[PDB]
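Undergrad: Need the 3D shape of this:
(2 chains, ligands or ions: 3)
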Amino acid sequence: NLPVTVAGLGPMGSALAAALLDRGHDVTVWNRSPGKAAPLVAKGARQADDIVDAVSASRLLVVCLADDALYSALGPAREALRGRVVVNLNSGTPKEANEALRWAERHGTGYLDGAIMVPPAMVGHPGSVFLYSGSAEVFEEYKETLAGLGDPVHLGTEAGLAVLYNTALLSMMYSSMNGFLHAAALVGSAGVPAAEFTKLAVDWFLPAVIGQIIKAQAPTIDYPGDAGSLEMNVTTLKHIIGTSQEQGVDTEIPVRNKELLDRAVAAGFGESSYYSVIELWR
Amino acid sequence: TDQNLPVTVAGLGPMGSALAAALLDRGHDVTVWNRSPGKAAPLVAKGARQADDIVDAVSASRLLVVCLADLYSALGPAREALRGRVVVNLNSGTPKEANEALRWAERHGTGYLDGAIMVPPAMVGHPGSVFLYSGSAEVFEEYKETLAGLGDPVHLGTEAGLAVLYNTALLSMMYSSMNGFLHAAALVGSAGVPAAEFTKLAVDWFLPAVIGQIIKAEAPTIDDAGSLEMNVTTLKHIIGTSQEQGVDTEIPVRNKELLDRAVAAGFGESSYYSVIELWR
Ligand SMILES: NC(=O)c1ccc[n+]([C@@H]2O[C@H](COP(=O)([O-])OP(=O)(O)OC[C@H]3O[C@@H](n4cnc5c(N)ncnc54)[C@H](OP(=O)(O)O)[C@@H]3O)[C@@H](O)[C@H]2O)c1
Ligand SMILES: [Ca+2]
Ligand SMILES: [Ca+2]
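TA: Numbering: from 1, shown residues only, chains lettered A, B, ... in the order given. Ligands and ions are numbered 1, 2, ... in the order given. The coordinates are given below.
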């Protein structure tokens, strides 16, 4: 029971449909190219002839398209959307989430915007987390079904929040990964084995030092417990740059990180907190 | 093995003081020394003996814990008193400097460990404190129990430069991660999202469950982030969202530029981890 329709059968859409099939939903799939449905049909999905069919098969509609492609893909369903719910899992920016909400509401359709926080292969498995924003009543109604994809975290009722959080978190992820790669290059230049360093960095340093220092620096969280003044950190960075030069490793990462600090000291004090770096960007 | 081992601490800045106080708390006979007078008094209050000069300080203990700002200049006058003692140097800047200190120590007949303090002064001698060490394994095993009073002691290997190398590495990751976090916080903050709650989500969940897992997934020798090209698209959305929110795009622009360089060097369609080959 609990019928669900998935629109969009790229790598992620297919993972979504397959996970719902694995939990035993009646899953109807739809895709622009008809080739991509066959493996899901093999797994017990019904392929919809057309979008009206797809949409009418289920009260819940899970959308995972390539971007725009929402309006063009589901538009022809017209009045069949009325009284249904769209869970849009692809949005690029908050403005696009907001446009999709307007579109949905214009058709009498409930709307949730979601951000998938794991790769396709993790969808449906323990550890999977999806962020949602939109109507709380819609969320509470479909919570149990959404839980088959990933632990569902409701951020608030405004449409654009999930994509905002997602873009924010991903921005941190890229910077952290790049810093990690500089670190691994640095120890690798002396022939340190990467696996063991990586475990030290990730199982210990990341949560015990990086996480605690972020919470220490955050002015509204109260580890005793600080990154120290900007000046002290500029000196630390100079040693990291020195170390990179003597090891033959590119100094771009730590040079940039240092330059940023120099701008903050200039705007503020050698004594100002690390967190005040943020005021350069807002 | 002497539970009350005499120890000398040279350098009484915020960190050196924390070191000395932690050893005093664990019942060592601690002699302290600093260049500038005036920093020793609180430690003397706690039971430390103040050394007049560095020969005095050095000749009081077989174990010498050094925590200077910079070593050669401070301990130079004690050249001959150094013979048969052990230096634990907790403040080298680079691996080369650690190696120079080793050569200098060994020349004078003194054992040498280099250490990196991984917590702030207020955490020294408290739960969670960790110190990284490198140098002679016999020196390490001899003083391990004493060093444990400062922080959980992790021996990385016998080569002098390793502790500073690991420390600089780890700290390089920390700065990048913090800067990314600050961009994230600015971004949610621009919509009026409260910072505390976002910070706890980012740190208590995202950091270990996502950032740490993906690093381990990308690391070729541990058993992902998708191709480089997929990630450039994701970064373009982050830039777009940053522009719509009125938040400076520097951080995600620089991250994106790095990926563009990687795809240009022929690492497009390769794994994210291959970005590393741009730097070595
Ligand atoms: N505090 C932290 O957050 C932290 C965390 C981890 C690691 N560490 C490391 O621990 C080291 C020691 O730090 P600290 O907190 O004690 O402050 P610091 O400013 O790095 O060092 C101050 C100490 O170094 C001495 N010093 C400076 N120049 C000297 C010279 N030419 N000859 C002899 N002594 C000299 C100072 O003596 P005077 O007082 O006479 O000038 C003072 O005792 C740091 O450099 C840092 O790399 C610090
Ligand atoms: Ca705080
Ligand atoms: Ca791996």
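Undergrad: For chain A, what lies in contact range of ligand 1?
TA: Taking Cβ under 6 Å from any ligand atom as the contact definition, chain A meets ligand 1 at residue A:228. Yep, even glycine has a C-beta here, placed from its N, CA and C like the rest.
Undergrad: Spell out which parts of chain A neighbour ligand 2.
TA: Within chain A, the positions near ligand 2 by Cβ under 5 Å from the ion are A:218, A:221.
Undergrad: which stretches of the stretch 51-200 of chain A form strands?
TA: A:60-63, A:85-88, A:110-116, A:129-134, A:151-154 (DSSP state E, counting those that start in this stretch).
Undergrad: got the ones you listed as a markdown table, with distance to chain B and mean neighbour count columns?
TA: Converted to a markdown table, the strands of the stretch 51-200 of chain A look like this (distance: least, Cβ to the nearest Cβ, whole Å; neighbours: other Cβ atoms under 10 Å in any protein chain shown):
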| stretch | distance to chain B | mean neighbour count |
| --- | --- | --- |
| strand A:60-63 | 17 | 24 |
| strand A:85-88 | 15 | 26 |
| strand A:110-116 | 11 | 25 |
| strand A:129-134 | 7 | 24 |
| strand A:151-154 | 8 | 18 |
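Undergrad: Make CSV from these and add distance to residue A:41 to it.
TA: Output for the strands of the stretch 51-200 of chain A, formatted as CSV (distance: least, Cβ to Cβ, whole Å):
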stretch, distance to residue A:41
strand A:60-63, 17
strand A:85-88, 22
strand A:110-116, 23
strand A:129-134, 25
strand A:151-154, 27
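Undergrad: which one of the ones you listed lies closest to residue B:58?
TA: strand A:129-134 (56.6 Å; Cβ to Cβ).
Undergrad: just the CA coordinates of the closest one, formatted as PDB?
TA: What follows is strand A:129-134 as a C-alpha-only set of coordinates in PDB (Å, rounded to 0.1, in the frame of the first residue of the first chain):
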ATOM      1  CA  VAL A 129      19.400  11.900   5.900                       C
ATOM      2  CA  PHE A 130      17.100  14.100   3.900                       C
ATOM      3  CA  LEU A 131      16.400  17.800   4.900                       C
ATOM      4  CA  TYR A 132      12.800  19.100   4.300                       C
ATOM      5  CA  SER A 133      11.200  22.400   4.300                       C
ATOM      6  CA  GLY A 134       7.500  23.300   3.600                       C
END
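Undergrad: Packing partners of it?
TA: Using 3 or more Cβ pairs under 8 Å, 6 or more residues apart in numbering or on different chains; DSSP states H and E, the elements in contact with strand A:129-134 are strand A:110-116, helix A:136-146, strand A:151-154, helix A:161-188.
Undergrad: In contact with residue A:129, which residues?
TA: Contacts for residue A:129 were tallied using Cβ atoms under 8 Å, 6 or more residues apart in numbering or on different chains; they are A:117, A:118, A:150, A:151, A:153, B:205, B:209.
Undergrad: so what's the residue in the stretch 101-250 of chain A that ligand 3 sits nearest to up against?
TA: Residue of the stretch 101-250 of chain A nearest ligand 3, by Cβ to the ion: residue A:198 (8.4 Å). Residue A:198 makes contacts with A:184, B:215, B:216, B:219, B:221, B:222, as judged by Cβ under 8 Å, 6+ apart.
Undergrad: again, 7 Å this time
TA: A:184, B:215, B:216, B:219, B:222 (Cβ atoms under 7 Å, 6 or more residues apart in numbering or on different chains).
Undergrad: same deal with residue A:202?
TA: So residue A:202 contacts B:212, B:215, B:216 (Cβ under 7 Å, 6+ apart).
Undergrad: and with 10 Å instead?
TA: The contact partners of residue A:202, by Cβ atoms under 10 Å, 6 or more residues apart in numbering or on different chains, come to A:180, B:173, B:207, B:208, B:211, B:212, B:213, B:214, B:215, B:216, B:219, B:222.
Undergrad: Can you tell me which of those residues is nearest ligand 2?
TA: Closest to ligand 2, out of all of the contacts of residue A:202 and judged by Cβ to the ion, is residue B:207, at 15.7 Å.
Undergrad: I'd like the distance between the closest one and ligand 1.
TA: 21 Å (Cβ to the nearest ligand atom, to the nearest Å).
Undergrad: The closest residue to residue A:197 other than its chain neighbours - how many residues pack around it?
TA: Counting by Cβ to Cβ, 6 or more residues apart in numbering or on different chains, residue A:197 lies nearest to residue A:187, which is 4.9 Å off, once chain neighbours are set aside. For residue A:187, the tally of surrounding residues (other Cβ atoms under 10 Å in any protein chain shown) stands at 25.
Undergrad: just residue A:72 next, same as before
TA: Residues near residue A:72, counting by other Cβ under 10 Å: 10.
Undergrad: thinking it is in contact with residue A:8, fair?
TA: No. With contacts counted by Cβ atoms under 10 Å, residue A:72 stays clear of residue A:8, the gap being 11.9 Å.
Undergrad: if I look at the two, which residues touch both of them?
TA: By Cβ under 10 Å, 6+ apart, the residues touching both residue A:72 and residue A:8 are A:32, A:65.
Undergrad: Give me the nearest residue to residue A:269, chain neighbours excluded.
TA: residue A:230 (7.1 Å).
Undergrad: Great, nothing more from me.
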